[PDB]
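The structure under discussion appears below in the form of structure tokens.
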Amino acid sequence: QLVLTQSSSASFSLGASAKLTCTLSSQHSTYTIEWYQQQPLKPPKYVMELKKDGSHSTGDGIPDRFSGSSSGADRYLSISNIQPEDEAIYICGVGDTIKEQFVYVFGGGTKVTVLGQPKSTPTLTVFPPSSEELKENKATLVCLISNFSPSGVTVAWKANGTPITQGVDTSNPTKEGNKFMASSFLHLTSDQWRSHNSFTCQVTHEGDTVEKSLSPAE
Amino acid sequence: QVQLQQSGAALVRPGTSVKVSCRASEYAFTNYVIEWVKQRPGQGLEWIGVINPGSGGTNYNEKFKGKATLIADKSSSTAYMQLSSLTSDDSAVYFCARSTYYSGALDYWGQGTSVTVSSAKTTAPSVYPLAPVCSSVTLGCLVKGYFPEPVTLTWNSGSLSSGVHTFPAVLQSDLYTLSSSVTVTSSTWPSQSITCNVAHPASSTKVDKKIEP
């Protein structure tokens with residue numbers, strides 16, 4: 001009945017001190033836990049082992065800014081300068097061996113957002129339908145959205161000046177280094193493509209709008 | 001030096017089973033436990049089980065008894081996890097990890113194995129060269145209507161690595177589409193042949209498309 005309780009998500013302004021909490025079930029208040037760091041589409045990472053007194057044995061590649069504290073039930077992650085690259089889900093685990101039978105248990109994780117960060121504006125790459133795809137009476141327009149932070153964009157397409165909802169498919173952002181990247185596609189027919197005079201990929205990021213247009217005429 | 005290397009992406013059919021493999025290296029297999037963990041939807045991790053590779057002694061999360069079977073092969077130095085009678089819920093990234101016989105930290109982790117449980121139709125990608133519309137030029141490559149994931153996409157078979165961006169895939173009606181861009185100098189393209197290389201192992205297809213002006 002071992003139960004690590006964490007809070008779903010935590011927000012700290014950059015540079016400031018971040019203390020994270022893994023409250024242990026009252027019954028097992030004495031246990032050593034591990035801490036783990038999970039970034040999206042990457043194996044989680046051993047951060048430290050953390051005893052009931054405060055003793056912390058930080059794992060390899062865990063720099064000085066990460067430290068450990070303990071307070072009865074609760075077990076703490078302290079990160080000195082809440083730098084951009086610390087943005088992650090912090091998951092704590094515990095091990096128990098009742099009768100030569102070992103069990104390991106994870107808290108739900110805590111999603112750390114770092115705030116007061118300067119933004120990067122999305123830059124746009126658009127491609128028109130290949131002659132090859134056109135020969136097939138299909139036209140996919142391609143909007144590639146790179147070098148943006150933080151990860152939230154909304155993407156819309158317009159045909160001349162009118163929104164297109166139909167045949168629009170937009171990716172989830174993915175972390176490339178300290179910025180993000182996403183794709184959007186507008187699935188038309190070759191005629192729909194040859195009819196219009198323009199088509200527009202519109203990207204909305206943190207109050208800002210970036211637009212790049214194609215001319216089918218070229 | 002100490003790595004865990006897990007078996008590749010697996011497409012499994014609902015009601016069938018899958019064997020995922022985790023090979024240890026650059027430490028003594030028999031003097032550590034291999035643990036297995038499931039990436040949970042949204043956020044979090046889910047403990048499956050532990051093998052002691054010396055004795056074959058296994059424990060499990062109650063929820064994985066009858067579902068997960070952990071074997072270990074001393075000869076090959078490889079820990080295996082059988083997952084049985086799979087449904088959509090078993091579709092996840094699974095991580096083998098290593099820890100001390102002392103019930104401690106999962107210190108080293110594998111790269112993950114992505115399991116897809118679906119009955120959707122394995123479909124090779126239609127691949128289209130994306131020449132620039134209308135000193136330097138950005139070329140593209142569209143990978144339309146493939147299933148399952150993954151594909152591997154390179155430029156000149158990895159020989160062109162500088163200026164490559166390969167964008168996250170979208171998924172619509174059990175079909176993936178993905179695009180990739182590269183920026184070269186006008187002295188390179190089009191005087192040199194430049195191809196995107198799209199391998200889809202599940203359909204056993206490989207395509208190289210030349211970008212022509």
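Every chain in the structure tokens has a letter given in the order shown (A, B, ...), and although residue numbers restart at 1 in each chain, ligands are simply numbered from 1 in the order shown.
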
Got a sec to tell me which of region 18-194 of chain B DSSP assigns to strand (DSSP E), as an mmCIF file with N, CA, C and O atoms, in the first residue's frame?
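Wrote result00.cif, looks like this:
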```
data_model
loop_
_atom_site.group_PDB
_atom_site.id
_atom_site.type_symbol
_atom_site.label_atom_id
_atom_site.label_comp_id
_atom_site.auth_asym_id
_atom_site.auth_seq_id
_atom_site.Cartn_x
_atom_site.Cartn_y
_atom_site.Cartn_z
ATOM 1 N N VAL B 18 3.365 -10.152 -27.974
ATOM 2 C CA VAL B 18 4.631 -9.546 -28.459
ATOM 3 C C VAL B 18 5.742 -9.855 -27.451
ATOM 4 O O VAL B 18 5.507 -9.714 -26.234
ATOM 5 N N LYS B 19 6.916 -10.218 -27.967
ATOM 6 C CA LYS B 19 8.183 -10.377 -27.202
ATOM 7 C C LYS B 19 9.023 -9.127 -27.463
ATOM 8 O O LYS B 19 9.349 -8.883 -28.636
ATOM 9 N N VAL B 20 9.325 -8.352 -26.425
ATOM 10 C CA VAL B 20 10.268 -7.201 -26.497
ATOM 11 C C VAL B 20 11.574 -7.654 -25.812
ATOM 12 O O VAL B 20 11.495 -8.415 -24.833
ATOM 13 N N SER B 21 12.737 -7.290 -26.358
ATOM 14 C CA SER B 21 14.065 -7.748 -25.857
ATOM 15 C C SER B 21 14.846 -6.530 -25.374
ATOM 16 O O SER B 21 14.669 -5.456 -25.965
ATOM 17 N N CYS B 22 15.644 -6.713 -24.319
ATOM 18 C CA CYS B 22 16.537 -5.694 -23.701
ATOM 19 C C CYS B 22 17.912 -6.326 -23.419
ATOM 20 O O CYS B 22 18.016 -7.129 -22.461
ATOM 21 N N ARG B 23 18.919 -5.987 -24.234
ATOM 22 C CA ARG B 23 20.305 -6.533 -24.157
ATOM 23 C C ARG B 23 21.162 -5.596 -23.294
ATOM 24 O O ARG B 23 21.261 -4.397 -23.626
ATOM 25 N N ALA B 24 21.755 -6.126 -22.226
ATOM 26 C CA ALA B 24 22.723 -5.407 -21.366
ATOM 27 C C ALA B 24 24.103 -5.369 -22.047
ATOM 28 O O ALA B 24 24.384 -6.225 -22.898
ATOM 29 N N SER B 25 24.960 -4.411 -21.695
ATOM 30 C CA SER B 25 26.401 -4.470 -22.058
ATOM 31 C C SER B 25 27.248 -3.646 -21.081
ATOM 32 O O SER B 25 26.699 -2.746 -20.406
ATOM 33 N N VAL B 33 19.481 -6.502 -11.088
ATOM 34 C CA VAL B 33 18.085 -6.796 -11.537
ATOM 35 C C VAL B 33 17.791 -5.947 -12.773
ATOM 36 O O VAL B 33 18.292 -4.795 -12.871
ATOM 37 N N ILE B 34 17.000 -6.513 -13.678
ATOM 38 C CA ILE B 34 16.375 -5.785 -14.813
ATOM 39 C C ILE B 34 14.907 -5.556 -14.465
ATOM 40 O O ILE B 34 14.189 -6.555 -14.222
ATOM 41 N N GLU B 35 14.484 -4.292 -14.456
ATOM 42 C CA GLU B 35 13.079 -3.880 -14.190
ATOM 43 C C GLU B 35 12.411 -3.476 -15.513
ATOM 44 O O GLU B 35 13.146 -3.174 -16.486
ATOM 45 N N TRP B 36 11.073 -3.533 -15.560
ATOM 46 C CA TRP B 36 10.252 -3.094 -16.718
ATOM 47 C C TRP B 36 9.152 -2.125 -16.272
ATOM 48 O O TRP B 36 8.554 -2.321 -15.194
ATOM 49 N N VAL B 37 8.942 -1.081 -17.076
ATOM 50 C CA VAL B 37 8.154 0.133 -16.721
ATOM 51 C C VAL B 37 7.332 0.538 -17.957
ATOM 52 O O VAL B 37 7.848 0.441 -19.070
ATOM 53 N N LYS B 38 6.095 0.980 -17.781
ATOM 54 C CA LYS B 38 5.252 1.414 -18.916
ATOM 55 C C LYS B 38 5.032 2.922 -18.881
ATOM 56 O O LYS B 38 4.671 3.438 -17.825
ATOM 57 N N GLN B 39 5.237 3.585 -20.014
ATOM 58 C CA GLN B 39 4.916 5.028 -20.088
ATOM 59 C C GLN B 39 3.396 5.168 -20.052
ATOM 60 O O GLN B 39 2.726 4.578 -20.903
ATOM 61 N N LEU B 45 4.544 6.961 -15.110
ATOM 62 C CA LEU B 45 5.285 5.715 -15.324
ATOM 63 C C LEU B 45 4.574 4.652 -14.506
ATOM 64 O O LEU B 45 3.958 5.016 -13.504
ATOM 65 N N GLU B 46 4.652 3.408 -14.941
ATOM 66 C CA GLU B 46 3.867 2.275 -14.394
ATOM 67 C C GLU B 46 4.792 1.086 -14.335
ATOM 68 O O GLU B 46 5.286 0.708 -15.377
ATOM 69 N N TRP B 47 5.054 0.597 -13.143
ATOM 70 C CA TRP B 47 6.043 -0.473 -12.862
ATOM 71 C C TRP B 47 5.390 -1.794 -13.241
ATOM 72 O O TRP B 47 4.266 -2.052 -12.803
ATOM 73 N N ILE B 48 6.065 -2.564 -14.067
ATOM 74 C CA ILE B 48 5.594 -3.884 -14.541
ATOM 75 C C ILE B 48 6.205 -4.991 -13.675
ATOM 76 O O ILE B 48 5.423 -5.785 -13.157
ATOM 77 N N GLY B 49 7.534 -5.041 -13.511
ATOM 78 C CA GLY B 49 8.191 -6.213 -12.900
ATOM 79 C C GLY B 49 9.708 -6.141 -12.861
ATOM 80 O O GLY B 49 10.273 -5.148 -13.342
ATOM 81 N N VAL B 50 10.316 -7.163 -12.254
ATOM 82 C CA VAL B 50 11.776 -7.303 -11.975
ATOM 83 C C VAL B 50 12.161 -8.736 -12.280
ATOM 84 O O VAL B 50 11.470 -9.642 -11.835
ATOM 85 N N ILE B 51 13.246 -8.930 -12.995
ATOM 86 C CA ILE B 51 13.883 -10.261 -13.038
ATOM 87 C C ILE B 51 15.260 -10.131 -12.372
ATOM 88 O O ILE B 51 15.888 -9.045 -12.486
ATOM 89 N N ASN B 52 15.606 -11.135 -11.554
ATOM 90 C CA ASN B 52 16.987 -11.450 -11.103
ATOM 91 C C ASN B 52 17.543 -12.415 -12.136
ATOM 92 O O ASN B 52 17.092 -13.558 -12.229
ATOM 93 N N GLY B 57 14.371 -15.308 -10.681
ATOM 94 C CA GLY B 57 13.393 -14.884 -9.660
ATOM 95 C C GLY B 57 12.680 -13.616 -10.087
ATOM 96 O O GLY B 57 13.336 -12.581 -10.228
ATOM 97 N N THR B 58 11.370 -13.683 -10.277
ATOM 98 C CA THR B 58 10.556 -12.578 -10.846
ATOM 99 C C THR B 58 9.467 -12.192 -9.857
ATOM 100 O O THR B 58 8.768 -13.099 -9.400
ATOM 101 N N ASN B 59 9.301 -10.899 -9.590
ATOM 102 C CA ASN B 59 8.049 -10.332 -9.017
ATOM 103 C C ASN B 59 7.422 -9.325 -10.000
ATOM 104 O O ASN B 59 8.085 -8.936 -10.975
ATOM 105 N N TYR B 60 6.179 -8.913 -9.725
ATOM 106 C CA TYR B 60 5.290 -8.166 -10.646
ATOM 107 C C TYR B 60 4.333 -7.257 -9.869
ATOM 108 O O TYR B 60 4.008 -7.529 -8.708
ATOM 109 N N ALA B 68 2.260 -10.011 -18.184
ATOM 110 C CA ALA B 68 3.714 -9.902 -18.445
ATOM 111 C C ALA B 68 4.433 -11.181 -18.001
ATOM 112 O O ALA B 68 4.148 -11.697 -16.904
ATOM 113 N N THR B 69 5.375 -11.644 -18.821
ATOM 114 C CA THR B 69 6.299 -12.761 -18.498
ATOM 115 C C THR B 69 7.737 -12.309 -18.776
ATOM 116 O O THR B 69 8.094 -12.145 -19.965
ATOM 117 N N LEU B 70 8.524 -12.159 -17.711
ATOM 118 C CA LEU B 70 9.963 -11.792 -17.756
ATOM 119 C C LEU B 70 10.814 -13.070 -17.766
ATOM 120 O O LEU B 70 10.732 -13.854 -16.802
ATOM 121 N N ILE B 71 11.578 -13.260 -18.844
ATOM 122 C CA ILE B 71 12.668 -14.262 -18.998
ATOM 123 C C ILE B 71 13.998 -13.490 -19.016
ATOM 124 O O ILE B 71 13.977 -12.243 -19.185
ATOM 125 N N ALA B 72 15.107 -14.194 -18.777
ATOM 126 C CA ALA B 72 16.499 -13.697 -18.886
ATOM 127 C C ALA B 72 17.366 -14.819 -19.462
ATOM 128 O O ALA B 72 17.209 -15.974 -19.029
ATOM 129 N N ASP B 73 18.202 -14.492 -20.446
ATOM 130 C CA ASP B 73 19.110 -15.450 -21.130
ATOM 131 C C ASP B 73 20.542 -15.037 -20.778
ATOM 132 O O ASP B 73 20.967 -13.963 -21.237
ATOM 133 N N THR B 78 20.587 -11.069 -22.257
ATOM 134 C CA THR B 78 19.369 -10.387 -22.767
ATOM 135 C C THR B 78 18.188 -10.752 -21.854
ATOM 136 O O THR B 78 17.930 -11.970 -21.688
ATOM 137 N N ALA B 79 17.537 -9.735 -21.269
ATOM 138 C CA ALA B 79 16.240 -9.801 -20.553
ATOM 139 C C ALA B 79 15.092 -9.592 -21.555
ATOM 140 O O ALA B 79 15.136 -8.603 -22.299
ATOM 141 N N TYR B 80 14.092 -10.474 -21.552
ATOM 142 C CA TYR B 80 12.921 -10.468 -22.473
ATOM 143 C C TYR B 80 11.638 -10.192 -21.678
ATOM 144 O O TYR B 80 11.550 -10.649 -20.531
ATOM 145 N N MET B 81 10.672 -9.478 -22.266
ATOM 146 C CA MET B 81 9.303 -9.310 -21.687
ATOM 147 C C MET B 81 8.258 -9.682 -22.740
ATOM 148 O O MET B 81 8.120 -8.957 -23.748
ATOM 149 N N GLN B 82 7.582 -10.802 -22.512
ATOM 150 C CA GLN B 82 6.372 -11.236 -23.250
ATOM 151 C C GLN B 82 5.188 -10.443 -22.696
ATOM 152 O O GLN B 82 5.031 -10.454 -21.459
ATOM 153 N N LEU B 83 4.422 -9.745 -23.550
ATOM 154 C CA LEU B 83 3.091 -9.174 -23.156
ATOM 155 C C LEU B 83 1.987 -9.882 -23.963
ATOM 156 O O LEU B 83 2.114 -9.910 -25.212
ATOM 157 N N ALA B 92 1.930 1.499 -26.141
ATOM 158 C CA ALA B 92 2.729 2.412 -25.309
ATOM 159 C C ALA B 92 4.205 2.196 -25.610
ATOM 160 O O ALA B 92 4.550 1.208 -26.301
ATOM 161 N N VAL B 93 5.011 3.098 -25.076
ATOM 162 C CA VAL B 93 6.485 2.961 -24.916
ATOM 163 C C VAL B 93 6.749 2.193 -23.612
ATOM 164 O O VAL B 93 6.227 2.600 -22.571
ATOM 165 N N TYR B 94 7.493 1.092 -23.705
ATOM 166 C CA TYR B 94 7.937 0.214 -22.596
ATOM 167 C C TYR B 94 9.455 0.367 -22.427
ATOM 168 O O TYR B 94 10.175 0.293 -23.439
ATOM 169 N N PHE B 95 9.912 0.613 -21.196
ATOM 170 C CA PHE B 95 11.336 0.827 -20.843
ATOM 171 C C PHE B 95 11.787 -0.319 -19.939
ATOM 172 O O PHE B 95 11.190 -0.457 -18.867
ATOM 173 N N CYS B 96 12.787 -1.101 -20.354
ATOM 174 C CA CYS B 96 13.643 -1.901 -19.439
ATOM 175 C C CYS B 96 14.597 -0.931 -18.750
ATOM 176 O O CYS B 96 15.051 -0.021 -19.433
ATOM 177 N N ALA B 97 14.843 -1.138 -17.451
ATOM 178 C CA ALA B 97 15.761 -0.381 -16.573
ATOM 179 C C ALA B 97 16.583 -1.352 -15.708
ATOM 180 O O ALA B 97 16.227 -2.541 -15.653
ATOM 181 N N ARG B 98 17.660 -0.869 -15.079
ATOM 182 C CA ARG B 98 18.588 -1.706 -14.269
ATOM 183 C C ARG B 98 18.624 -1.111 -12.872
ATOM 184 O O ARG B 98 18.496 0.138 -12.784
ATOM 185 N N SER B 99 18.748 -1.975 -11.863
ATOM 186 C CA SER B 99 18.863 -1.522 -10.457
ATOM 187 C C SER B 99 19.685 -2.525 -9.647
ATOM 188 O O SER B 99 19.889 -3.648 -10.123
ATOM 189 N N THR B 113 10.899 0.829 -26.245
ATOM 190 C CA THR B 113 10.269 0.085 -27.362
ATOM 191 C C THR B 113 8.831 0.587 -27.519
ATOM 192 O O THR B 113 8.075 0.410 -26.573
ATOM 193 N N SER B 114 8.489 1.226 -28.644
ATOM 194 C CA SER B 114 7.095 1.654 -28.959
ATOM 195 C C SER B 114 6.285 0.452 -29.472
ATOM 196 O O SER B 114 6.584 -0.064 -30.573
ATOM 197 N N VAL B 115 5.288 -0.008 -28.708
ATOM 198 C CA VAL B 115 4.329 -1.067 -29.170
ATOM 199 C C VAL B 115 3.024 -0.392 -29.631
ATOM 200 O O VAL B 115 2.460 0.426 -28.882
ATOM 201 N N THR B 116 2.618 -0.684 -30.865
ATOM 202 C CA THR B 116 1.339 -0.276 -31.508
ATOM 203 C C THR B 116 0.451 -1.513 -31.569
ATOM 204 O O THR B 116 0.864 -2.489 -32.199
ATOM 205 N N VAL B 117 -0.714 -1.482 -30.943
ATOM 206 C CA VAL B 117 -1.714 -2.589 -31.044
ATOM 207 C C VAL B 117 -2.872 -2.074 -31.884
ATOM 208 O O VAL B 117 -3.593 -1.190 -31.434
ATOM 209 N N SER B 126 3.347 6.898 -49.774
ATOM 210 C CA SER B 126 3.556 7.647 -51.035
ATOM 211 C C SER B 126 4.531 8.768 -50.688
ATOM 212 O O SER B 126 4.377 9.394 -49.629
ATOM 213 N N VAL B 127 5.580 8.907 -51.472
ATOM 214 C CA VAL B 127 6.680 9.844 -51.177
ATOM 215 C C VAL B 127 6.782 10.804 -52.348
ATOM 216 O O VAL B 127 6.921 10.324 -53.456
ATOM 217 N N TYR B 128 6.810 12.104 -52.073
ATOM 218 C CA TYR B 128 6.790 13.142 -53.129
ATOM 219 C C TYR B 128 7.939 14.111 -52.906
ATOM 220 O O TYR B 128 8.171 14.551 -51.786
ATOM 221 N N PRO B 129 8.682 14.445 -53.975
ATOM 222 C CA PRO B 129 9.778 15.395 -53.876
ATOM 223 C C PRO B 129 9.089 16.758 -53.804
ATOM 224 O O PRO B 129 8.133 16.951 -54.611
ATOM 225 N N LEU B 130 9.500 17.602 -52.839
ATOM 226 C CA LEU B 130 8.983 18.987 -52.660
ATOM 227 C C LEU B 130 10.059 19.963 -53.099
ATOM 228 O O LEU B 130 10.863 20.345 -52.229
ATOM 229 N N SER B 136 21.176 30.020 -52.154
ATOM 230 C CA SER B 136 20.782 28.894 -51.267
ATOM 231 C C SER B 136 19.275 28.627 -51.345
ATOM 232 O O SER B 136 18.529 29.588 -51.620
ATOM 233 N N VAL B 137 18.858 27.371 -51.103
ATOM 234 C CA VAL B 137 17.501 26.815 -51.428
ATOM 235 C C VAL B 137 17.121 25.769 -50.377
ATOM 236 O O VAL B 137 18.001 24.960 -50.019
ATOM 237 N N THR B 138 15.869 25.790 -49.892
ATOM 238 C CA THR B 138 15.303 24.744 -49.005
ATOM 239 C C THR B 138 14.438 23.759 -49.812
ATOM 240 O O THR B 138 13.360 24.157 -50.280
ATOM 241 N N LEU B 139 14.877 22.501 -49.901
ATOM 242 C CA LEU B 139 14.155 21.377 -50.540
ATOM 243 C C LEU B 139 13.333 20.633 -49.498
ATOM 244 O O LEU B 139 13.667 20.683 -48.291
ATOM 245 N N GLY B 140 12.311 19.908 -49.957
ATOM 246 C CA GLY B 140 11.428 19.167 -49.048
ATOM 247 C C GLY B 140 11.099 17.783 -49.568
ATOM 248 O O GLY B 140 11.397 17.443 -50.726
ATOM 249 N N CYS B 141 10.414 17.032 -48.729
ATOM 250 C CA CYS B 141 10.054 15.625 -48.957
ATOM 251 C C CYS B 141 8.822 15.356 -48.121
ATOM 252 O O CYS B 141 8.899 15.615 -46.932
ATOM 253 N N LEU B 142 7.730 14.943 -48.757
ATOM 254 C CA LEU B 142 6.460 14.581 -48.081
ATOM 255 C C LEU B 142 6.278 13.064 -48.093
ATOM 256 O O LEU B 142 6.500 12.401 -49.131
ATOM 257 N N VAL B 143 5.892 12.546 -46.941
ATOM 258 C CA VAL B 143 5.655 11.108 -46.695
ATOM 259 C C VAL B 143 4.190 10.951 -46.289
ATOM 260 O O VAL B 143 3.896 11.062 -45.068
ATOM 261 N N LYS B 144 3.333 10.677 -47.276
ATOM 262 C CA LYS B 144 1.853 10.746 -47.177
ATOM 263 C C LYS B 144 1.272 9.327 -47.037
ATOM 264 O O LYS B 144 1.654 8.448 -47.826
ATOM 265 N N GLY B 145 0.476 9.096 -45.995
ATOM 266 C CA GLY B 145 -0.450 7.963 -45.892
ATOM 267 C C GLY B 145 0.272 6.649 -45.683
ATOM 268 O O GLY B 145 0.128 5.759 -46.564
ATOM 269 N N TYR B 146 0.995 6.535 -44.559
ATOM 270 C CA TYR B 146 1.690 5.306 -44.097
ATOM 271 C C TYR B 146 1.133 4.836 -42.757
ATOM 272 O O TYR B 146 0.609 5.629 -41.991
ATOM 273 N N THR B 152 11.941 5.867 -41.231
ATOM 274 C CA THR B 152 13.273 6.465 -41.129
ATOM 275 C C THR B 152 13.460 7.262 -42.405
ATOM 276 O O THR B 152 13.179 6.732 -43.495
ATOM 277 N N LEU B 153 13.838 8.511 -42.254
ATOM 278 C CA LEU B 153 13.935 9.417 -43.405
ATOM 279 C C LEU B 153 15.308 10.057 -43.254
ATOM 280 O O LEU B 153 15.698 10.353 -42.126
ATOM 281 N N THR B 154 16.057 10.090 -44.333
ATOM 282 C CA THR B 154 17.412 10.647 -44.404
ATOM 283 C C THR B 154 17.485 11.376 -45.726
ATOM 284 O O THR B 154 16.503 11.253 -46.516
ATOM 285 N N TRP B 155 18.588 12.105 -45.932
ATOM 286 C CA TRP B 155 18.921 12.784 -47.195
ATOM 287 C C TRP B 155 20.254 12.241 -47.702
ATOM 288 O O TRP B 155 21.182 12.129 -46.902
ATOM 289 N N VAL B 164 19.182 19.707 -41.978
ATOM 290 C CA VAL B 164 18.048 18.763 -42.097
ATOM 291 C C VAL B 164 17.100 19.068 -40.942
ATOM 292 O O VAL B 164 17.548 19.097 -39.792
ATOM 293 N N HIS B 165 15.821 19.275 -41.225
ATOM 294 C CA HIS B 165 14.781 19.298 -40.160
ATOM 295 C C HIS B 165 13.683 18.336 -40.587
ATOM 296 O O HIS B 165 13.197 18.462 -41.726
ATOM 297 N N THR B 166 13.368 17.375 -39.720
ATOM 298 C CA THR B 166 12.328 16.345 -39.966
ATOM 299 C C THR B 166 11.289 16.537 -38.876
ATOM 300 O O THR B 166 11.628 16.330 -37.691
ATOM 301 N N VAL B 170 1.731 13.821 -38.423
ATOM 302 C CA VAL B 170 0.296 13.930 -38.066
ATOM 303 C C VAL B 170 -0.276 12.539 -38.317
ATOM 304 O O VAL B 170 0.395 11.756 -39.055
ATOM 305 N N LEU B 171 -1.395 12.243 -37.662
ATOM 306 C CA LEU B 171 -2.138 10.960 -37.739
ATOM 307 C C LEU B 171 -3.603 11.281 -38.010
ATOM 308 O O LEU B 171 -4.156 12.066 -37.266
ATOM 309 N N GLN B 172 -4.192 10.673 -39.031
ATOM 310 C CA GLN B 172 -5.588 10.917 -39.442
ATOM 311 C C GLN B 172 -6.125 9.618 -40.039
ATOM 312 O O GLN B 172 -5.525 9.142 -40.999
ATOM 313 N N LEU B 175 -3.753 6.693 -40.624
ATOM 314 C CA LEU B 175 -2.689 6.964 -41.628
ATOM 315 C C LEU B 175 -1.846 8.143 -41.129
ATOM 316 O O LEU B 175 -2.458 9.173 -40.760
ATOM 317 N N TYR B 176 -0.511 7.989 -41.130
ATOM 318 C CA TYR B 176 0.489 9.044 -40.818
ATOM 319 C C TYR B 176 0.958 9.755 -42.104
ATOM 320 O O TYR B 176 1.073 9.110 -43.154
ATOM 321 N N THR B 177 1.235 11.062 -41.976
ATOM 322 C CA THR B 177 1.922 11.951 -42.946
ATOM 323 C C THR B 177 2.985 12.773 -42.213
ATOM 324 O O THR B 177 2.762 13.201 -41.067
ATOM 325 N N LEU B 178 4.117 12.989 -42.866
ATOM 326 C CA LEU B 178 5.352 13.520 -42.256
ATOM 327 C C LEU B 178 6.060 14.255 -43.378
ATOM 328 O O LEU B 178 5.864 13.883 -44.549
ATOM 329 N N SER B 179 6.727 15.353 -43.068
ATOM 330 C CA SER B 179 7.539 16.072 -44.072
ATOM 331 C C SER B 179 8.896 16.383 -43.470
ATOM 332 O O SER B 179 9.051 16.318 -42.238
ATOM 333 N N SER B 180 9.867 16.628 -44.336
ATOM 334 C CA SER B 180 11.250 16.910 -43.908
ATOM 335 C C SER B 180 11.807 17.909 -44.890
ATOM 336 O O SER B 180 11.328 17.929 -46.053
ATOM 337 N N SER B 181 12.691 18.768 -44.396
ATOM 338 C CA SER B 181 13.283 19.874 -45.191
ATOM 339 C C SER B 181 14.786 19.781 -45.040
ATOM 340 O O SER B 181 15.287 19.349 -43.995
ATOM 341 N N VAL B 182 15.474 20.303 -46.018
ATOM 342 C CA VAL B 182 16.935 20.446 -45.911
ATOM 343 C C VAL B 182 17.245 21.752 -46.636
ATOM 344 O O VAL B 182 16.555 22.033 -47.625
ATOM 345 N N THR B 183 18.229 22.509 -46.144
ATOM 346 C CA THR B 183 18.717 23.731 -46.810
ATOM 347 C C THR B 183 20.135 23.446 -47.294
ATOM 348 O O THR B 183 20.956 22.992 -46.480
ATOM 349 N N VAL B 184 20.348 23.580 -48.603
ATOM 350 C CA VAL B 184 21.676 23.480 -49.266
ATOM 351 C C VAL B 184 21.957 24.804 -49.997
ATOM 352 O O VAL B 184 21.058 25.687 -50.023
ATOM 353 N N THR B 185 23.150 24.930 -50.583
ATOM 354 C CA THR B 185 23.546 26.070 -51.437
ATOM 355 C C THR B 185 23.193 25.741 -52.886
ATOM 356 O O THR B 185 23.186 24.527 -53.242
#
```

For this session: Identify, on the basis of only C-alpha atoms, every residue whose closest approach to residue 35 (chain A) does not exceed 7 Å; exclude the query and any residue fewer than 4 positions from it along the same chain; express the result as an NGL selection string.
Result: :A and (46-49 or 91-93)

For this session: Please determine the contact residues of chain B with respect to chain A at a cut-off of 6 Å, counting only C-alpha atoms, and supply them as a VMD selection string.
Result: chain B and resid 44 103 105 107 111 130 134 167 to 168 170

Exercise. Skipping near chain neighbours, those fewer than 4 positions away, what residues fall within 8 Å of residue 30 (chain A) using only C-alpha atoms, listed as a PyMOL selection string?
Worked result: chain A and resi 52+72-73

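When only C-alpha atoms are used to measure the gap to residue 112 (chain A), the shortest distance among B:159, B:43, B:205, B:5 belongs to B:43.
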